[PDB]
Amino acid sequence: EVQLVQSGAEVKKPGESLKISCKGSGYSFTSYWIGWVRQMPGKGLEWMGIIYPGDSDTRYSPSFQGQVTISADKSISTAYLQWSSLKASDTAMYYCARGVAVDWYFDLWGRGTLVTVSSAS
Amino acid sequence: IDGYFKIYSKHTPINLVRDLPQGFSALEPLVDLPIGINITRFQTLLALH
Amino acid sequence: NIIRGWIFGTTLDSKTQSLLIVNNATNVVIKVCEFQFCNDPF
Amino acid sequence: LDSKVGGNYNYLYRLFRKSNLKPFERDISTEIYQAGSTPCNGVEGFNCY
Amino acid sequence: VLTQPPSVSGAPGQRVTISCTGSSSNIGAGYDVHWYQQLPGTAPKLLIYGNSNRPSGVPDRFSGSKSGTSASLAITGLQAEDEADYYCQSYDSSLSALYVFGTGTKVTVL
Ligand SMILES: *[C@@H]1O[C@H](CO)[C@@H](O)[C@H](O)[C@H]1NC(C)=O
């Protein structure tokens with residue numbers, strides 16, 4: 001089946017890394033624009049970037065450059081989301097949804113990662 | 001020429017209207033249009049007064 | 001007087017993209033639009 | 001950047017070269033190119049591709 | 001970047017056009033417009049893309065349209081499941097960014 005699963009709820013502190021596995025199946029992985037999209041709690045969707053598993057080509061966002069880490073593993077056809085250093089305000093949901101080049105829309109969305117990060121443990 | 005349409009302009013007063021006056025007037029490229037079309041005819045139609 | 005307005009273009013019949021250099025209202029429309037084919041324009 | 005599965009059918013090309021193309025030119029006009037010297041009147045004519 | 005009405009109200013059985021009003025580079029530039037159904041408590045689901053195409057599972061009562069610099073999502077016969085949130089989004093060439101998302105349109109059933 002075509003499904004993009006996520007990781008469970010996590011509570012932690014800024015500074016450390018959070019690794020997310022978004023496995024892809026049912027489509028040619030090295031032929032579709034896979035990417036991550038973030039949404040603040042109670043706000044709109046804001047675009048982070050889309051990565052191409054063929055060449056790890058990433059186009060980030062003005063307002064989200066130097067804040068997050070993205071990658072992918074074509075060996076296991078899984079999308080990787082990573083953080084070099086979190087923030088207290090970074091408590092928000094992050095969705096890994098696959099788009100297509102030309103007409104530039106996500107045809108399918110992953111479940112999304114509900115992550116709560118704050119200064120307190 | 002080379003796909004870049006060219007327009008030149010040099011407005012000069014002339015008292016005579018029957019016979020075209022002599023003299024040399026060299027025009028200037030006021031704009032260099034990159035129209036990228038073919039042009040194979042033209043005309044000039046004014047307004048009504 | 002004044003030479004009012006000016007109309008150019010290949011054919012205005014969509015066989016080519018057209019061309020137009022009218023002068024009006026302290027502006028010069030140099031748009032290449034396929035304007036109306038009319039023998040009595042303004 | 002242009003990975004459209006099934007083909008992005010928005011990118012075009014003039015398959016039938018009617019004549020030689022002048023450098024930097026650009027032609028935007030759709031008309032059947034007759035190959036049998038017949039009045040196309042659309043696409044109904046023979047060899048009007 | 002894409003402005004939208006914060007709250008749109010619609011009675012059952014009524015047809016309302018969700019106005020996707022945009023700039024001259026997102027909608028008015030001739031670029032295509034896509035919609036996602038942000039169902040509350042879940043992830044958005046694709047509802048309209050291409051201004052005329054409907055993906056599998058989308059009922060024909062859902063519809064989309066484009067009007068010059070603005071786009072409209074025509075929904076006919078509002079039901080209980082239609083209480084959902086919609087983001088129209090398109091592509092922006094000038095901002096370099098592949099993806100630009102709308103401000104959003106909260107839809108409530110009266
Ligand atoms: C422009 O039109 C003339 C007459 O049809 C034609 O001979 C010439 O090749 C054309 N140039 C192009 C290729 O646009």
# chains A, B, ... in the order shown; residues from 1 in each chain; ligands from 1
>>> residues_near_ligand(ligand="ligand 1", cutoff="9 Å", atoms="only C-alpha atoms and all ligand atoms", output="compact mmCIF listing (two decimals) with C-alpha atoms, in the first residue's frame")
# COMPACT_ATOMS: atom_id res chain seq x y z
CA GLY B 3 14.87 38.63 -34.05
CA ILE B 37 8.02 37.65 -34.01
CA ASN B 38 7.93 37.75 -37.86
CA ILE B 39 6.87 41.02 -39.56
CA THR B 40 5.75 40.83 -43.22
CA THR C 16 1.77 35.69 -37.01
CA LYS D 18 7.47 24.08 -42.20
CA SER D 19 10.58 26.04 -43.23
CA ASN D 20 13.97 27.18 -41.98
CA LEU D 21 13.98 29.18 -38.74
CA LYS D 22 15.74 32.55 -38.53
CA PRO D 23 18.01 32.82 -35.36
CA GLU D 25 12.86 33.82 -33.85
CA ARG D 26 9.68 32.53 -32.22
CA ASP D 27 6.46 31.50 -33.97
>>> residues_around(residues="range 59-67 of chain A", least_positions_apart="3", cutoff="9 Å", atoms="only C-alpha atoms", output="PyMOL selection string")
(chain A and resi 47-51+83-86) or (chain E and resi 95-99)
>>> write_last_selection(atoms="N, CA, C and O atoms", output="PDB file, in the first residue's frame")
ATOM      1  N   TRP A  47       5.614  25.668   4.298  1.00  0.00           N
ATOM      2  CA  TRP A  47       6.467  24.757   3.551  1.00  0.00           C
ATOM      3  C   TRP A  47       7.904  24.837   4.044  1.00  0.00           C
ATOM      4  O   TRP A  47       8.447  25.932   4.216  1.00  0.00           O
ATOM      5  N   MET A  48       8.512  23.674   4.277  1.00  0.00           N
ATOM      6  CA  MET A  48       9.920  23.595   4.651  1.00  0.00           C
ATOM      7  C   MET A  48      10.803  23.268   3.452  1.00  0.00           C
ATOM      8  O   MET A  48      11.693  24.049   3.106  1.00  0.00           O
ATOM      9  N   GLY A  49      10.566  22.136   2.806  1.00  0.00           N
ATOM     10  CA  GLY A  49      11.373  21.765   1.662  1.00  0.00           C
ATOM     11  C   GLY A  49      10.935  20.432   1.097  1.00  0.00           C
ATOM     12  O   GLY A  49      10.221  19.658   1.743  1.00  0.00           O
ATOM     13  N   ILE A  50      11.381  20.183  -0.132  1.00  0.00           N
ATOM     14  CA  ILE A  50      11.135  18.933  -0.835  1.00  0.00           C
ATOM     15  C   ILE A  50      12.482  18.373  -1.267  1.00  0.00           C
ATOM     16  O   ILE A  50      13.329  19.109  -1.787  1.00  0.00           O
ATOM     17  N   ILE A  51      12.687  17.076  -1.053  1.00  0.00           N
ATOM     18  CA  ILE A  51      13.949  16.417  -1.370  1.00  0.00           C
ATOM     19  C   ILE A  51      13.703  15.338  -2.415  1.00  0.00           C
ATOM     20  O   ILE A  51      12.667  14.667  -2.401  1.00  0.00           O
ATOM     21  N   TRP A  83      17.060  17.133  13.533  1.00  0.00           N
ATOM     22  CA  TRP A  83      17.225  18.466  14.094  1.00  0.00           C
ATOM     23  C   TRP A  83      18.580  18.564  14.773  1.00  0.00           C
ATOM     24  O   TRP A  83      18.923  17.722  15.606  1.00  0.00           O
ATOM     25  N   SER A  84      19.349  19.592  14.415  1.00  0.00           N
ATOM     26  CA  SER A  84      20.617  19.858  15.082  1.00  0.00           C
ATOM     27  C   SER A  84      20.428  20.508  16.444  1.00  0.00           C
ATOM     28  O   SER A  84      21.222  20.257  17.358  1.00  0.00           O
ATOM     29  N   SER A  85      19.396  21.334  16.594  1.00  0.00           N
ATOM     30  CA  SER A  85      19.084  21.969  17.872  1.00  0.00           C
ATOM     31  C   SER A  85      17.638  22.431  17.820  1.00  0.00           C
ATOM     32  O   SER A  85      17.257  23.163  16.901  1.00  0.00           O
ATOM     33  N   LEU A  86      16.838  22.007  18.793  1.00  0.00           N
ATOM     34  CA  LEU A  86      15.417  22.327  18.807  1.00  0.00           C
ATOM     35  C   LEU A  86      15.195  23.668  19.505  1.00  0.00           C
ATOM     36  O   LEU A  86      16.139  24.384  19.851  1.00  0.00           O
TER      37      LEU A  86
ATOM     38  N   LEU E  95       9.322  34.033  -5.920  1.00  0.00           N
ATOM     39  CA  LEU E  95       9.832  33.874  -4.564  1.00  0.00           C
ATOM     40  C   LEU E  95      10.818  32.720  -4.428  1.00  0.00           C
ATOM     41  O   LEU E  95      11.195  32.376  -3.302  1.00  0.00           O
ATOM     42  N   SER E  96      11.133  32.114  -5.589  1.00  0.00           N
ATOM     43  CA  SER E  96      12.042  30.954  -5.813  1.00  0.00           C
ATOM     44  C   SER E  96      11.413  29.661  -5.282  1.00  0.00           C
ATOM     45  O   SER E  96      11.710  28.583  -5.830  1.00  0.00           O
ATOM     46  N   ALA E  97      10.556  29.788  -4.269  1.00  0.00           N
ATOM     47  CA  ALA E  97      10.031  28.673  -3.500  1.00  0.00           C
ATOM     48  C   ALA E  97       9.103  27.864  -4.390  1.00  0.00           C
ATOM     49  O   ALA E  97       8.260  28.430  -5.095  1.00  0.00           O
ATOM     50  N   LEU E  98       9.274  26.543  -4.370  1.00  0.00           N
ATOM     51  CA  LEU E  98       8.394  25.677  -5.143  1.00  0.00           C
ATOM     52  C   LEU E  98       6.954  25.806  -4.670  1.00  0.00           C
ATOM     53  O   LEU E  98       6.018  25.786  -5.478  1.00  0.00           O
ATOM     54  N   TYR E  99       6.759  25.944  -3.363  1.00  0.00           N
ATOM     55  CA  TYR E  99       5.459  25.782  -2.736  1.00  0.00           C
ATOM     56  C   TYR E  99       5.105  27.051  -1.973  1.00  0.00           C
ATOM     57  O   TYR E  99       5.926  27.566  -1.208  1.00  0.00           O
TER      58      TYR E  99
END
>>> interface_residues(of="chain C", to="chain B", cutoff="8 Å", atoms="only C-alpha atoms", output="tab-separated table (two decimals) with N, CA, C and O atoms, in the first residue's frame")
chain	number	residue	atom	x	y	z
C	3	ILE	N	-0.62	64.02	-35.36
C	3	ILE	CA	-0.75	62.83	-36.19
C	3	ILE	C	-1.53	61.78	-35.40
C	3	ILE	O	-1.57	60.60	-35.77
C	4	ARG	N	-2.18	62.22	-34.31
C	4	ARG	CA	-3.07	61.41	-33.49
C	4	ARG	C	-2.48	60.06	-33.08
C	4	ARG	O	-1.61	60.00	-32.20
C	5	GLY	N	-2.94	58.98	-33.71
C	5	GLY	CA	-2.54	57.64	-33.33
C	5	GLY	C	-2.04	56.85	-34.53
C	5	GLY	O	-2.30	57.21	-35.68
C	6	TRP	N	-1.33	55.77	-34.22
C	6	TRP	CA	-0.59	55.00	-35.22
C	6	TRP	C	-0.88	53.52	-35.05
C	6	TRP	O	-0.86	52.99	-33.93
C	7	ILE	N	-1.12	52.84	-36.16
C	7	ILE	CA	-1.48	51.42	-36.16
C	7	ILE	C	-0.53	50.66	-37.07
C	7	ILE	O	-0.39	51.00	-38.25
C	8	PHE	N	0.11	49.62	-36.54
C	8	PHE	CA	1.00	48.78	-37.32
C	8	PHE	C	0.63	47.31	-37.17
C	8	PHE	O	-0.42	46.99	-36.60
C	9	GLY	N	1.47	46.41	-37.68
C	9	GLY	CA	1.19	44.99	-37.60
C	9	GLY	C	1.23	44.31	-38.95
C	9	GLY	O	0.96	44.95	-39.97
C	10	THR	N	1.68	43.05	-38.96
C	10	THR	CA	1.73	42.23	-40.20
C	10	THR	C	0.35	42.22	-40.88
C	10	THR	O	0.17	42.94	-41.88
C	11	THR	N	-0.59	41.44	-40.34
C	11	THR	CA	-1.87	41.17	-40.97
C	11	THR	C	-3.03	41.36	-39.99
C	11	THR	O	-4.17	41.55	-40.41
C	16	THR	N	0.56	35.38	-37.80
C	16	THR	CA	1.77	35.69	-37.01
C	16	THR	C	1.29	36.26	-35.68
C	16	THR	O	0.09	36.59	-35.59
C	17	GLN	N	2.18	36.39	-34.71
C	17	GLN	CA	1.90	37.33	-33.60
C	17	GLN	C	2.00	38.75	-34.17
C	17	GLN	O	2.86	38.99	-35.03
C	18	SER	N	1.13	39.63	-33.69
C	18	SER	CA	0.90	40.96	-34.22
C	18	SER	C	1.85	41.97	-33.57
C	18	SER	O	2.77	41.60	-32.83
C	32	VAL	N	2.06	43.42	-28.45
C	32	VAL	CA	2.08	42.61	-29.67
C	32	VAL	C	0.75	41.88	-29.83
C	32	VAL	O	0.69	40.82	-30.47
C	39	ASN	N	-10.59	48.96	-40.73
C	39	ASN	CA	-10.05	49.98	-41.61
C	39	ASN	C	-10.26	51.40	-41.10
C	39	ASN	O	-9.70	52.33	-41.68
C	40	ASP	N	-11.05	51.58	-40.04
C	40	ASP	CA	-11.33	52.90	-39.46
C	40	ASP	C	-11.14	52.85	-37.95
C	40	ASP	O	-12.11	52.97	-37.18
C	41	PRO	N	-9.90	52.69	-37.47
C	41	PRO	CA	-9.66	52.66	-36.03
C	41	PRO	C	-9.40	54.04	-35.45
C	41	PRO	O	-9.48	55.05	-36.16
C	42	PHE	N	-9.07	54.10	-34.16
C	42	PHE	CA	-8.76	55.36	-33.50
C	42	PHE	C	-7.32	55.36	-32.99
C	42	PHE	O	-6.77	54.32	-32.65
>>> atom_distance(atom1="CA of residue 115 in chain A", atom2="CA of residue 103 in chain E")
22.8 Å
>>> residues_around(residues="residue 46 in chain D", least_positions_apart="2", cutoff="9 Å", atoms="only C-alpha atoms", output="list in words")
residues 34, 35, 36, 37, 38, 39, 40, 43, 44, 48 and 49 of chain D
>>> interface_residues(of="chain D", to="chain C", cutoff="9 Å", atoms="only C-alpha atoms", output="list in words")
residues 27, 28, 29, 30 and 31 of chain D
>>> select_by_dssp(residues="chain B", states="strand (DSSP E)", output="PyMOL selection string")
chain B and resi 5-9+28-33
>>> closest_residue(among="D:7, D:24, D:45, D:1", to="chain E", atoms="only C-alpha atoms")
D:1
>>> residues_around(residues="range 22-29 of chain E", least_positions_apart="3", cutoff="8 Å", atoms="only C-alpha atoms", output="compact mmCIF listing (two decimals) with C-alpha atoms, in the first residue's frame")
# COMPACT_ATOMS: atom_id res chain seq x y z
CA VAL E 1 1.08 34.73 1.09
CA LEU E 2 -2.29 33.72 -0.38
CA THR E 3 -4.95 35.68 1.49
CA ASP E 32 -2.50 26.28 -11.56
CA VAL E 33 -4.23 26.19 -8.16
CA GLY E 68 -8.68 35.58 -13.10
CA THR E 69 -6.50 36.51 -10.14
CA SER E 70 -8.75 34.56 -7.74
CA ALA E 71 -9.85 30.94 -7.46
CA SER E 90 -0.13 27.22 -5.89
CA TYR E 91 3.40 27.79 -7.22
CA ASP E 92 5.34 31.06 -7.04
CA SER E 93 8.10 31.65 -9.57
CA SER E 94 9.27 35.00 -8.17
CA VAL E 100 3.34 28.66 -1.40
>>> atom_distance(atom1="CA of residue 105 in chain A", atom2="CA of residue 109 in chain E")
27.6 Å
>>> residues_around(residues="range 54-65 of chain E", least_positions_apart="4", cutoff="10 Å", atoms="only C-alpha atoms", output="ChimeraX atom specification")
/A:107 /E:15,17-20,33-35,45-50,70-78,82
>>> atom_distance(atom1="CA of residue 88 in chain E", atom2="CA of residue 108 in chain A")
15.6 Å
>>> residues_around(residues="residue 11 in chain D", least_positions_apart="5", cutoff="12 Å", atoms="only C-alpha atoms", output="CSV table (one decimal) with N, CA and C atoms, in the first residue's frame")
chain,number,residue,atom,x,y,z
A,102,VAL,N,6.0,19.7,-11.7
A,102,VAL,CA,4.9,20.2,-12.5
A,102,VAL,C,3.6,20.2,-11.8
D,2,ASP,N,11.0,18.5,-13.6
D,2,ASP,CA,9.9,18.2,-14.6
D,2,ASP,C,9.5,16.8,-14.6
D,4,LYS,N,7.1,14.6,-14.6
D,4,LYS,CA,5.6,14.4,-14.6
D,4,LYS,C,5.4,13.0,-15.1
>>> residues_around(residues="residue 98 in chain A", least_positions_apart="2", cutoff="12 Å", atoms="only C-alpha atoms", output="ChimeraX atom specification")
/A:2-4,22-25,27-37,49-53,78-79,95-96,100-101,104-111 /E:46
>>> select_by_dssp(residues="chain A", states="helix (DSSP H, G or I)", output="PyMOL selection string")
chain A and resi 29-31+88-90
